[PDB]
Each structure stands twice: as C-alpha cells, then as structure tokens.
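1. Just the structure for this:
(chains A, B, C, D, E and F)
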Amino acid sequence: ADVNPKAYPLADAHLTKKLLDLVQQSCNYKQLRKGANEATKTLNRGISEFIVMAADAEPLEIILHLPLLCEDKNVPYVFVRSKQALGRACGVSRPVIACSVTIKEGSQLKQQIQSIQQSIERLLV
Amino acid sequence: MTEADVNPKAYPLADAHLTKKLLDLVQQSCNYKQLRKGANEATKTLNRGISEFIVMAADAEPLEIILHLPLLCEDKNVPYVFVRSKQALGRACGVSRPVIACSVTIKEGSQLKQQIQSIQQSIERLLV
Amino acid sequence: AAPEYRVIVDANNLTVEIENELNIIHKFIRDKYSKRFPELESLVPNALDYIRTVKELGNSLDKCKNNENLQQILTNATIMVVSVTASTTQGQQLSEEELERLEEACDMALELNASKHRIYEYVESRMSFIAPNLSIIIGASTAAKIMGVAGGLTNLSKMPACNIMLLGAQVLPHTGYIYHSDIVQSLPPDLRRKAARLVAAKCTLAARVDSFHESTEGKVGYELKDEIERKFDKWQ
Amino acid sequence: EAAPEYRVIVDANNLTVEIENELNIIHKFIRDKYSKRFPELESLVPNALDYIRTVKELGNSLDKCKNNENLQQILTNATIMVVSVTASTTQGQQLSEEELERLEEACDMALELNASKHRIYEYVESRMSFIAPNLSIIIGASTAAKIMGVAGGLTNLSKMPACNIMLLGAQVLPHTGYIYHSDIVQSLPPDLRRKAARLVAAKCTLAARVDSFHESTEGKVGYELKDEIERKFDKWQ
RNA sequence: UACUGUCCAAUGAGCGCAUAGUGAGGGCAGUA
RNA sequence: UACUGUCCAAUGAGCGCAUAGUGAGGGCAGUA
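-> Residues are numbered from 1 along each chain as shown, chains lettered A, B, ... in the order given. The structure is reproduced below:
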C-alpha cells in the first residue's frame, strides 16, 4: 500500500532491509541513538551519520522536523515503511519512529555506513 | 590473667556495667534511626554538631585511627566514652563486622531522650 | 521582526503582574478594612469576592441584607452570615480619608481584574492560532510561556522533550513551566514528577504538529490530552 | 606556627607540576618546529625527554645515526636502526641557523628544566617522609603533599572524613581529585579506578591520622596499608 | 527471592558525568 | 535470579537534591 506523500525519500523493499541490519549492527556497536527525541539531540550536536524514520508514525508530523535539521548540517535520511519493524531492528520490544547513527572515529562500520550515505543520495534530486 | 590492661590513651573506659547500658542504648538508637556507625561518619556528626555522644572501641588498632575524635568532643563539648570491644560494638549497631566508632545523633521528641540524658551524665562523671 | 508570538508572550506577562498587583491590593484592602468589619476577611475568603463586597457595603454595614448586587455575588448562606455577623460588627466606622482611599483601591482591583481578563481573552484567542494543539494540553497561558522562552514555535519544535520539560527553571530542582502548569499541578505532589515528564513529552509532540500548522481545528491536541488524562485517572 | 615546613614543601612540590606543563609545552614546540626535517622521527620515538635529547644531537647533519656514543646511550639500539632507514629516506630540508639556534637553545632548556624537576622531587619525597611518613608510603611523596597543601596541613587533613579527603582538589572528570589521578590508582584498568580511589582514599585517611599523632614513624602502618591495598588490587585483577 | 558455599564489607558496601541533561526496561500479585 | 498473571514503556522506562556529599550490605559459584 502507498504511504503518505510527505514520507520522502522512501526506501525500496531492498534499501529497507539493508538499513535495518545496518541499524541492528550499529546497535551492538555503540553507534546507535534510538528514539525521535534522542535522534534530534544528535542532529543538533552535528554528530549524526544518517536518520531513519518510520513513515507509518501518526501523526506523521511528530518526526517531520528531523528532515529540517538535516539541512543545517547536510545529513541524509530515509523512511522505512514500518516502525514495528524498525523497533525489532533497534533491539527493542516497542516501535521506534526514528534513529540516528552516531559518529565515532575509527569504527569498523565506517565503510558499511558511507555505503548507506551514498545510497540515499541517489534517491534524492 | 586480667585483660583489664588496655591502651591507656583509651580514656575514659566504661565500667563493665556502664558498658552494658551503652551497647544496649546503642542497640536501640540503631532501631530509632538515631545512630551513625563509623569513624568517618562520627566525625561528621561532630562538626555538624548533632551528636549526643560518641562511643569508641579501645580494640581499635592502631588506636590513633580514632583518637582524633576525643579532641573534637572537647571542642564541641560532647561526651565520649570507650568500650572494650570493637567486635562487641559492631554487633550492637547490628553489623557482622567490627565498628570502632559510633555516634548517637540528636533528634527532637525521641523517647530515648532521658536514656541518652543519663548515659551522658554518667560519662561526664569520668571525664571529670 | 514583527514576531506575532513575542507580543503574545509579552502580554501574557502583564496578566501575572496584574495577578501580582491584585494580590497586593487584596492584602491591603483586607488590611485596612479590618478596622470596620474584621470578621469579613474569613466569611468571604475569595480575593475578588471580598473586594466587590467592601466596595458594596462600605461604611454602612446594614446595606448588605436585601442587597441586589450582593446577591449576585454571594450565596444566600454567606450573605445571611455576613448580615448577622455584621450586627455584631466589633469595629468602628471609617474617616473619609480612610474610606475614600479604600474605596478607591477597590475600584482599582476591579479595573485591573477585568482588564486582566480582556488580556487573557486575547492570549487564548491568539495562542490557539499560532499553536492550537499545544494550548489544548498545557494551557493557552503556559503554552505562550514556554514558547516565549523557546523563542518561537519553530525552535520549540526542534527540541527534545527532556529540554522542553526544563524550559523556565532557575524551590524544586528542574521544575520548569510545565511542572508548574495547571495540569501538572492539579494532583497529589508525588505524582507530579511522573506527570511533568509525561506532559512535557506529549507537548513536544503537539509543538511539532503545530510547527506545520496541521490539525489546526485542534484534533491531535485533544486526543493527546485524553491519553494524558486517562494515564492520570489510572495512577489515582 | 610561623613558617611551617609543610607549606615550604607544598609550594616546592608545585614547581614540579609547573615544570611538567612547561616541558609538555616545550615538547610540543620542538617536535613541531623540527618536524620540518625528520617529520617522521616524532612518531618513531614518542617519549619526550628522549626525543628532545636526541634532536639536540641529530641536529643540522643527520648522517651517522649508527655508532654514535650518546645517540647510543640515550637510545635503545633496536630503535636506532629504524631511524637510519627513514634518515636516508629523509622527508624534509635543512634548517636556517636562526631556526636551529632556537631549537638547540630550547632543548638545553628542556633538559635543564628536567634536572631541576627531579632535584625538586628528591627534596619533596625526602622531607615528606619525615613530615608524614605513612601517608607518603601509600600514595606517594607529591600526591601526599598535594592533599596536604589544600587540606592545610596534617592536622586538619586528619580530621577529615575519607569521603571528603577523596574529593580533595577536584573540579575533565567529575568527583575525581588528587587521589584519583594519583599514581597508585591511574596504573589500573579504568573500570577499577572509581573503586580503587575510595579504597586508597580511605586508607590514606588512616595513615594521615596515624601521622597526625606521630606514630609508625619508621613507616610501619604505611607499609602495611600499602600492602593490604596492593593485595586487594590483585584479588581484583 | 530463599537456601548453601565461599570471598569482600562502617579500619566503609554501594553511589558519583552532563540539566537547553541523562536514555531501557520497569510496577503490582502469586510460585520457586 | 527465574516462571506465571496483569499494567505501563523510544509517541520515552527509570533518573533529577546535596560532592569539603552519600552511609549497608554486597560480589561470585551451586540449588530450587
């Protein structure tokens, strides 16, 4: 089923998965901040790698600010079709409507991340 | 043999009969939350001027680790007495370990007021 | 410039200043009037109702039974009480200087008071256009407060709930405008911290909803407050 | 009472830290204004005094790194080979007499400060072991002179609860004070430090008190507590 | 949680960042 | 600690005072 128009950019059923096991991986690695609040904190502080949001979160607007902080420091962001999924992915019993992957010098995830960064760019204008 | 020979610096040293009354009082004041257990913790109650009396154990080796206290109850004019066993004392404060110093904190409208009263007088009596 | 909010925030401030004044006047009029009718202080406990009365009965205590104006302010109970207790007054009359001053002070209270209301009516009538969903949860007042110190509804929407909760704290540690709001205040004091967190949290949501002028007729806001109200009724 | 010896040592102790700072800074100045020729050497030997010492010799001519006598006695020979290979593969240019003159001059400075440093530590460690012998045995000459500096002398230092003593001269890291950054604590796995501090803190409070009255002058209590502590550190890994 | 065994413990167990901060499981009942 | 039942929980569980302060039990292993 089609998502709300504001959800953009929206990731292929492929990108979706690639993202969610990045997020899982970056979870057992200390480089994950989970929750729309904590998400914003890190955007503010300039230490976010990318943002993942959950286009099924109502009211949608409850996360739509994050996109506007990605403009201050240019930072990527994507919408996966479902938050229930993104919660399992972050290592939590409950839904998660956004998350943010910390910046940490010399992280073995360093490559697997930029891999995602550059993947989202290709989605945008 | 008489173990009646303890370090002289441990002054004044409670009469056996007295020594009971303290442990007993200390045991109760532990239950009325008017008790602090510890070298360090007693020092605090002295400075904050909220200790009625100080009880120390002559067992305390080296003894100097608590001799700083008598010099402080001089300043704040607080009664202080030594009992013979750090071990006996620990058990009174309800502690499986030895306790070499405890203080009976001040607190208003507590039934142990007159008890503490007496104890205090009785200590005064030997410091004089 | 021309920041609409800044005015609202600014106006809402009078109302607390006027609120402060009214308080002073009351304490004053209660103080002076107790020379003429001491016992009144405690029959009418309400600041405003107490003034309206000393303005009404004044030096003649007898004019308080049968009184049309009074009857529209005080229960029959309280009226019949002040009426009997005022034939046993226990205090002398007032000299013109003492009365004109006190009467003049009353008139003030009321002019302030009723002007304070015309100010509130503005602050709500606006606060619900700049940030409708917010206002419904906390209070048009408290809303405009935090929005004031956040410096805009936009900068407000770019904040973590954790922070918002803290907006306006210097009493109690880390109590801010939300902790002192009406909603957070109207419950048993232990339940007020869990309650501040909650409300801060849910406002950070409404704030965000309104930074996009969505749900303008006010939807989100009501549902949100409901969820909150039940979470309360649950706690006891 | 007038000029009390402790004060003189506290202030004396302080010049050492002043000089750590001064050297730390001279270090950075030389490795920097030298990383122009042999920029790599910096990364090769990471040790201040050694570095500074070497760069005074090496100097303007960098041929003959092998078989020099002080280059030898100042350096391990296993690490004197790894230079001549990156010495031939030189990465920088020769130096003006104005840029060298100020480098040599700032080395002599470095070393002469370093001398003065040690010979102050020698003084403090000595007199400290007469002033408060047991306290010293545990934490160390200097750190002991620090807790004393601020406590205002062994008497008060003594009347202080360990909790307070632990926090002496703290403001980097919250509620960590002289004893936390002491030597005997820092030499541990970082997870072990927040505990170790309170352990040391508390034993120091005992020594401190014992020294207050001038017992265990030979240093007995001190040595004992220092052992009871080291041993608990093993049981602890 | 109970019990058992061992170690440590008032001669101090455990705590200790950031408040425009923190950031995961938690409460109640019953059973073991 | 574990199990069950139920109520909450990233749309945020729990924290929020003192730091020249705090002040009691704790860790680990075996058993249920």
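2. quick one: buried residues of the top helix by length along chain C?
-> Using DSSP state H, we find that the single longest helix of chain C is helix C:96-130. Neighbour-count burial for helix C:96-130 flags C:99, C:102-103, C:105-106, C:108-109, C:112-113, C:116, C:119-120, C:122-124, C:126-128, C:130 (criterion: 16 or more other Cβ atoms under 10 Å in any protein chain shown). Every residue, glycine included, has its C-beta placed from N, CA and C.
3. gap between the residue in chain A positioned nearest to chain D and residue D:11?
-> In chain A, the residue that lies nearest chain D is residue A:30 (15.7 Å; Cβ to the nearest Cβ). Distance, residue A:30 to residue D:11, using Cβ to Cβ, to the nearest Å: 45 Å.
4. Domain boundaries for chain C, per the record?
-> Structural domains assigned to chain C are C:1-130, C:132-236, following curated CATH domains.
5. Just tell me which of these ends up closest to residue A:116.
-> Smallest distance to residue A:116 across the domains of chain C (Cβ to Cβ): 24.4 Å, for domain C:132-236.
6. The chain: helices as residue ranges?
-> In the absence of a named chain, chain A is used. A:13-28, A:36-44, A:66-72, A:83-90, A:110-121.
7. my bad, chain C
-> C:4-33, C:47-56, C:68-71, C:76-85, C:96-130, C:132-137, C:140-150, C:153-157, C:161-166, C:177-180, C:182-185, C:191-210, C:219-235.
8. looking at those helices, which is buried most?
-> helix C:132-137 (a mean of 26; mean count of other Cβ atoms under 10 Å in any protein chain shown).
9. Who are the packing partners of it?
-> helix C:96-130, helix C:140-150, helix C:191-210, helix C:219-235 (3 or more Cβ pairs under 8 Å, 6 or more residues apart in numbering or on different chains; DSSP states H and E).
10. still on that earlier bit, and the residue of chain A closest to chain D, how many neighbours?
-> Neighbours of residue A:30 under the rule other Cβ atoms under 10 Å in any protein chain shown: 10.
11. any idea how far it lies from RNA strand E?
-> According to Cβ to the nearest atom of the strand, to the nearest Å, residue A:30 stands 10 Å off from RNA strand E.
12. Which one, of the helices of chain A, ends up nearest to residue A:6?
-> helix A:66-72 (9.0 Å).
13. Next, name the residue at the spatial heart of chain C.
-> In chain C, the centroid-proximal residue (Cα atoms, centre = their mean) is residue C:19; its distance is 7.3 Å.
14. Spatially nearest residue to it, not counting backbone neighbours?
-> residue C:116 (6.8 Å; Cβ to Cβ, 6 or more residues apart in numbering or on different chains).
15. just so I know, which of the helices of chain C lies nearest residue A:10?
-> Short answer: helix C:191-210, nearest of those by Cβ to Cβ, at 20.4 Å.
16. Can the closest one be said to contact chain A?
-> Yes. Helix C:191-210 reaches chain A (Cβ under 8 Å from any Cβ of the partner chain) through C:204, C:205, C:208, C:209.
17. Same list, those residues, but only the ones touching chain D.
-> Within those, nothing lies near chain D by Cβ under 8 Å from any Cβ.
18. returning to that earlier point: out of the domains of chain C, which gets nearest to residue A:76?
-> Of all those, domain C:132-236 comes closest under Cβ to Cβ, at 18.4 Å.
19. Compute the first-to-last residue distance for the closest one.
-> End-to-end distance for domain C:132-236, by Cα to Cα, to the nearest Å: 29 Å.
20. tell me which parts of chain C are close to RNA strand F?
-> With Cβ under 7 Å from any atom of the strand as the criterion, chain C meets RNA strand F at residues C:161-162, C:165-166, C:173-174, C:193-194, C:196-198, C:201-202, C:204-205, C:231, C:234.
21. Alongside RNA strand E, which residues does chain A contribute?
-> For chain A, the contact set with RNA strand E under Cβ under 7 Å from any atom of the strand comprises A:34, A:35, A:37, A:38, A:41, A:92, A:93, A:94.
22. Nearest to RNA strand E: which residue in chain A?
-> residue A:37 (4.4 Å; Cβ to the nearest atom of the strand).
23. For chain A, what lies in contact range of chain C?
-> So chain A meets chain C at A:37-38, A:40-41, A:44, A:59, A:61-65, A:68-69 (Cβ under 8 Å from any Cβ).
24. filter those residues to the buried ones?
-> A:37, A:38, A:40, A:41, A:44, A:59, A:61, A:62, A:63, A:64, A:65, A:69.
25. Would you convert these into CSV that also reports distance to residue A:86?
-> Below are these laid out as CSV (distance: Cβ to Cβ, whole Å):
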residue, distance to residue A:86
A:37, 15
A:38, 14
A:40, 16
A:41, 18
A:44, 21
A:59, 17
A:61, 18
A:62, 15
A:63, 12
A:64, 16
A:65, 18
A:69, 19
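26. which of these sit farthest apart?
-> A:44 and A:59 (22.2 Å).
27. Against RNA strand F, how distant is the residue nearest to residue C:19?
-> The value you get for residue C:116 to RNA strand F, if Cβ to the nearest atom of the strand is used, is 32 Å.
28. correct me, but that residue touches residue C:14?
-> Yes. Counting by Cβ atoms under 8 Å, residue C:14 is a contact partner of residue C:116 at 7.3 Å.
29. so the longest helix of chain C versus helix C:4-33, what angle?
-> 160 degrees (axes from the mean of the first three to the mean of the last three Cα atoms, to 10 degrees).
30. Which elements pack onto helix C:96-130?
-> Packed next to helix C:96-130, using 3+ Cβ pairs under 8 Å, 6+ apart, are helix C:4-33, helix C:47-56, helix C:132-137, helix C:140-150.
31. how distant is the shortest one from the center of its chain?
-> How far helix C:132-137 lies from its chain's middle: 17 Å, per Cα atoms, centre = their mean, to the nearest Å.
32. now what about it, what contacts it?
-> Applying Cβ atoms under 8 Å, 6 or more residues apart in numbering or on different chains, the contact partners of helix C:132-137 are C:124, C:127-128, C:143, C:147, C:153, C:183, C:199, C:202-203, C:206-207, C:209-210, C:215-222, C:224-225, C:228.
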